Student: 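Would you mind keeping the following structure in view while I ask a few things?
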Number of protein chains: 4
Amino acid sequence: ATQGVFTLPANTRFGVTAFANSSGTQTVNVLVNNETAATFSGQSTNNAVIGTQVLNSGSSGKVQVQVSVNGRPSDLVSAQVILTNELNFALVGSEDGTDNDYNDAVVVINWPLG
Amino acid sequence: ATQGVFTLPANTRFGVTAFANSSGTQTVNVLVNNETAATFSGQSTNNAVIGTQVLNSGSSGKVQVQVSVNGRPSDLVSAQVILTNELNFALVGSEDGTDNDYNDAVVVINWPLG
Amino acid sequence: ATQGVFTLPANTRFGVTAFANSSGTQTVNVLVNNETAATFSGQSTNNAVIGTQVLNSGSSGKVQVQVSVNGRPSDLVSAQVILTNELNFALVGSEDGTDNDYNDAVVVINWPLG
Amino acid sequence: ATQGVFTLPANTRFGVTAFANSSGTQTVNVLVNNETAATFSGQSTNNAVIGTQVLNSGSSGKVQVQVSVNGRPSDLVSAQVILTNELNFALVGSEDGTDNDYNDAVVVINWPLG
Ligand SMILES: OC[C@H]1O[C@@H](O)[C@@H](O)[C@@H](O)[C@@H]1O
Ligand SMILES: OC[C@H]1O[C@@H](O)[C@@H](O)[C@@H](O)[C@@H]1O
Ligand SMILES: OC[C@H]1O[C@@H](O)[C@@H](O)[C@@H](O)[C@@H]1O
Ligand SMILES: OC[C@H]1O[C@@H](O)[C@@H](O)[C@@H](O)[C@@H]1O
Ligand SMILES: [Ca+2]
Ligand SMILES: [Ca+2]
Ligand SMILES: [Ca+2]
Ligand SMILES: [Ca+2]
Ligand SMILES: [Ca+2]
Ligand SMILES: [Ca+2]
Ligand SMILES: [Ca+2]
Ligand SMILES: [Ca+2]
């Protein structure tokens with residue numbers, strides 16, 4: 001099944017943050033309405049934040065997270081969780097190799113903000 | 001925080017099912033747009049299904065689950081999880097006593113159907 | 001990534017219930033420690049419960065859900081959610097065709113029981 | 001029900017990161033085995049990261065997140081989500097006022113690392 005794709009309420013600000021846990025340099029691309037809206041690049045094996053930014057879901061509300069290492073797409077796992085019918089978390093994990101820890105690039109999207 | 005309240009897409013069919021794990025008789029009430037739409041009553045300490053039904057979220061999409069034992073409201077815990085940005089689960093747990101297993105009445109709402 | 005596999009606490013009773021939403025007959029197989037422990041078969045396009053049963057996670061705690069239609073494995077989506085650090089839900093969705101509603105066979109595993 | 005408490009596997013490294021979305025200064029305290037292990041303090045209404053750190057769950061695996069503003073405990077909401085039976089997210093939201101957006105202090109715990 002497709003992973004890393006989330007439908008957020010339209011024209012809503014959200015945060016996107018990425019953590020790295022791999023020897024390979026992680027390239028995280030965030031698309032809004034199928035167009036790049038943010039790109040984070042970094043390397044860490046200690047969960048360092050390689051990027052964080054505030055974006056707007058726009059008219060479509062479509063947000064997609066892509067993760068690649070040296071141009072090769074990583075395998076993604078994702079899900080959305082809503083707490084008290086208000087607080088949203090769009091979660092993404094990714095695997096660039098064979099150990100399957102799926103934490104090589106961890107992306108967290110949260111809303112609402114403010 | 002409020003628990004057991006979920007905003008579903010409008011006019012969408014969904015399933016609601018309740019399981020019981022308590023000495024006390026569980027009364028599960030499901031409200032749609034603040035009006036009763038289903039009521040399940042049963043007793044089991046072996047996770048028996050005390051009720052299952054198909055409902056429609058209506059114009060408001062507001063769905064609220066209430067659980068009580070002998071007229072006394074149980075304490076609720078809940079959350080919504082979305083898989084592959086399509087499959088939805090609105091989950092509710094409830095505690096009628098002091099052991100805090102929160103499974104006395106377990107309610108699962110799922111959509112889409114068909 | 002692998003889906004439908006969950007590690008439950010050892011020797012713990014859990015419930016497993018399956019719902020069907022497809023023209024095709026759904027075959028849900030539940031494995032505990034890689035050995036069949038339950039099999040549900042049914043057909044419904046109205047979220048009917050095609051099976052529910054209480055199982056024990058055993059010494060390994062490994063539980064895997066398989067879904068197939070006419071012998072063909074469906075594509076699975078899954079996740080585990082824990083509420084108040086006590087109530088557990090192991091969720092599985094499955095797609096047997098091309099519309100991607102992933103509800104053809106919906107499986108819910110819950111614990112603790114009693 | 002109690003919120004903000006999570007049982008992680010013993011002696012496992014995990015990351016904890018906090019975001020702020022409130023006029024009030026957020027004080028996030030992380031306890032491991034009931035003893036303070038990290039404290040973040042900051043103010044932002046734009047989801048700024050007020051802290052991030054790597055901790056070890058220790059022998060007990062008990063991790064608890066506390067959030068307060070000017071010494072007053074905020075109301076918490078939380079849940080744990082596991083993807084592909086490997087990637088873990090312990091999520092916490094908090095409300096310091098009356099608008100109930102529960103994002104005043106957002107805390108994300110993730111593991112495994114490396
Ligand atoms: O080479 C990539 C590899 O780097 C290691 O340090 C680990 O983080 C692995 O999970 C990852 O797949
Ligand atoms: O008396 C109510 C009580 O019944 C027991 O059998 C357990 O199921 C408890 O969790 C529940 O609170
Ligand atoms: O033929 C299989 C097909 O049956 C339909 O009724 C729908 O439930 C589809 O989602 C499913 O894939
Ligand atoms: O004064 C506290 C208050 O600050 C505002 O800016 C919002 O972030 C509210 O959600 C928050 O409760
Ligand atoms: Ca890896
Ligand atoms: Ca890794
Ligand atoms: Ca109880
Ligand atoms: Ca009980
Ligand atoms: Ca289908
Ligand atoms: Ca279907
Ligand atoms: Ca607030
Ligand atoms: Ca706020």
Side-chain angles (χ1 to χ4, degrees), chain A residues 1-7 75-82 90-93, chain B residues 6 8-9 12-17 52 54 79-92 106-114, chain C residues 1-6 14-31 38 40-52 63-69 72-82 88-110, chain D residues 79 81-87:
Chain A
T2 297
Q3 296 289 76
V5 177
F6 309 104
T7 298
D75 185 55
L76 309 178
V77 294
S78 61
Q80 187 184 329
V81 180
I82 308 181
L91 311 169
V92 181
Chain B
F6 309 104
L8 279 60
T12 301
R13 304 201 313 166
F14 64 99
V16 59
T17 303
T52 187
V54 176
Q80 187 184 329
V81 180
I82 308 181
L83 303 183
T84 191
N85 196 47
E86 163 66 2
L87 188 64
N88 296 71
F89 292 94
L91 311 169
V92 181
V106 175
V107 186
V108 176
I109 287 175
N110 68 293
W111 77 89
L113 305 184
Chain C
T2 297
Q3 296 289 76
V5 177
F6 309 104
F14 64 99
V16 59
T17 303
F19 303 94
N21 291 285
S22 172
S23 64
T25 298
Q26 307 295 134
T27 301
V28 180
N29 187 55
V30 183
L31 300 179
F40 306 139
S41 182
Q43 184 289 313
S44 175
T45 47
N46 293 304
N47 205 53
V49 176
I50 60 174
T52 187
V63 180
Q64 170 164 27
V65 176
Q66 301 179 296
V67 181
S68 62
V69 176
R72 302 178 182 178
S74 297
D75 185 55
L76 309 178
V77 294
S78 61
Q80 187 184 329
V81 180
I82 308 181
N88 296 71
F89 292 94
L91 311 169
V92 181
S94 61
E95 179 54 53
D96 61 41
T98 59
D99 71 341
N100 299 311
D101 58 358
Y102 279 86
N103 72 355
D104 304 319
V106 175
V107 186
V108 176
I109 287 175
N110 68 293
Chain D
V81 180
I82 308 181
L83 303 183
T84 191
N85 196 47
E86 163 66 2
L87 188 64

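Just so we're on the same page: letters track the sequence lines, and every chain starts at 1. Any value given below was found using the heavy atoms of this structure, including those in side chains, with hydrogens, waters and symmetry copies removed.
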Student: For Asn85(B) and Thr7(A), indicate whether the former's side chain and the latter's backbone hold a donor-acceptor pair under 3.5 Å.
Tutor: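 Here the side-chain-to-backbone pair exists.
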Student: How far apart are the closest heavy atoms of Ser94(C) and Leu76(C), and which atoms are they?
Tutor: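 For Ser94(C) versus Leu76(C), the nearest heavy atoms are CB-CD2, 3.5 Å.
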Student: Closest heavy-atom contact between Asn103(C) and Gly114(B)?
Tutor: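 Looks like ND2-O, 3.0 Å.
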Student: I'd like to know if the side chain of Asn47(C) and the backbone of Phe19(C) have a donor-acceptor N/O pair within less than 3.5 Å.
Tutor: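 Pair absent, no side-chain N/O of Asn47(C) close to backbone of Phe19(C).
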Student: Residues in side chain to side chain contact (heavy atoms under 4.5 Å, CB included) with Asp96(C), at least two apart?
Tutor: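 By the side chain to side chain contact (heavy atoms under 4.5 Å, CB included) rule, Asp96(C) matches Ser22(C), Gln26(C), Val69(C), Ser74(C), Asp104(C).
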Student: Quick check: closest heavy atoms across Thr45(C) and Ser23(C), and the distance to 0.1 Å?
Tutor: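 That would be CG2-N, 3.9 Å.
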Student: If you take all heavy atoms of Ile50(C) and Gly42(C), which pair is closest and at what distance?
Tutor: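 Scanning both residues, the minimum pair turns out to be CG2-CA, 3.7 Å.
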Student: So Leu91(B) and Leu91(C), do their side chains get closer than 4.5 Å, heavy atoms only?
Tutor: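 Side-chain contact under 4.5 Å: yes.
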Student: Does some side-chain heavy atom of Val81(B) sit less than 4.5 Å from a side-chain heavy atom of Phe89(C)?
Tutor: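 Not in contact.
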Student: Assess, by modelled atom type and distance only, whether the side chains of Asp101(C) and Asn21(C) contain a donor and an acceptor separated by less than 3.5 Å.
Tutor: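 The criterion, which ignores hydrogens and geometry beyond distance, is not satisfied for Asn21(C) and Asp101(C).
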Student: I'd like to know if the side chain of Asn88(C) reaches the main chain of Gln80(C), judged simply by a donor and an acceptor atom lying under 3.5 Å from each other, with no hydrogens or angles considered.
Tutor: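 No, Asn88(C) side chain to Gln80(C) backbone: no donor-acceptor pair under 3.5 Å.
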Student: Please identify each residue that fulfils side chain to side chain contact (heavy atoms under 4.5 Å, CB included) with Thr2(C), with sequence neighbours left out.
Tutor: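 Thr2(C) satisfies side chain to side chain contact (heavy atoms under 4.5 Å, CB included) with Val5(C), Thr84(D) once adjacent residues are dropped.
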Student: What residues form a side chain to side chain donor-acceptor pair (under 3.5 Å) with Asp99(C), not counting sequence neighbours?
Tutor: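 For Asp99(C) there are no side chain to side chain donor-acceptor pair (under 3.5 Å) partners, ignoring immediate neighbours.
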Student: Report the distance from atom CH2 of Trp111(B) to atom CG of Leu87(B), rounding to the nearest 0.5 Å.
Tutor: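 Separation between the atoms: 9.5 Å.
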Student: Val92(A) and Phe6(A): side chain to side chain contact (heavy atoms under 4.5 Å, CB included), yes or no, with the steps?
Tutor: CA-CA 10 Å; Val92(A) 181; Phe6(A) 309 104; 3.6 Å; yes
Student: According to side chain to side chain contact (heavy atoms under 4.5 Å, CB included), who are the partners of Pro73(C), at least two apart in sequence or on a separate chain?
Tutor: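 Counting only residues at least two positions away or on another chain, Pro73(C) forms no side chain to side chain contact (heavy atoms under 4.5 Å, CB included).
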Student: So which heavy atom on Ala1(A) is nearest to which on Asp75(C), and how close?
Tutor: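 Closest approach of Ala1(A) to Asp75(C): N-OD2, 2.8 Å.
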Student: If you take all heavy atoms of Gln3(A) and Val77(A), which pair is closest and at what distance?
Tutor: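 Of all heavy-atom pairs spanning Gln3(A) and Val77(A), the closest is NE2-CA, 3.3 Å.
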Student: Listed by chain and number, what are the side chain to side chain contact (heavy atoms under 4.5 Å, CB included) partners of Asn100(C), not counting sequence neighbours?
Tutor: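 Only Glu95(C), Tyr102(C) meet the side chain to side chain contact (heavy atoms under 4.5 Å, CB included) criterion with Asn100(C).
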Student: Can you list the residues that meet the side chain to side chain donor-acceptor pair (under 3.5 Å) rule with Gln66(C), with sequence neighbours excluded?
Tutor: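 Listed in chain order: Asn29(C).
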Student: Got a sec, which residues hit side chain to side chain donor-acceptor pair (under 3.5 Å) with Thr52(C), two or more places apart in sequence or on another chain?
Tutor: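 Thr52(C) satisfies side chain to side chain donor-acceptor pair (under 3.5 Å) with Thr17(C) once adjacent residues are dropped.
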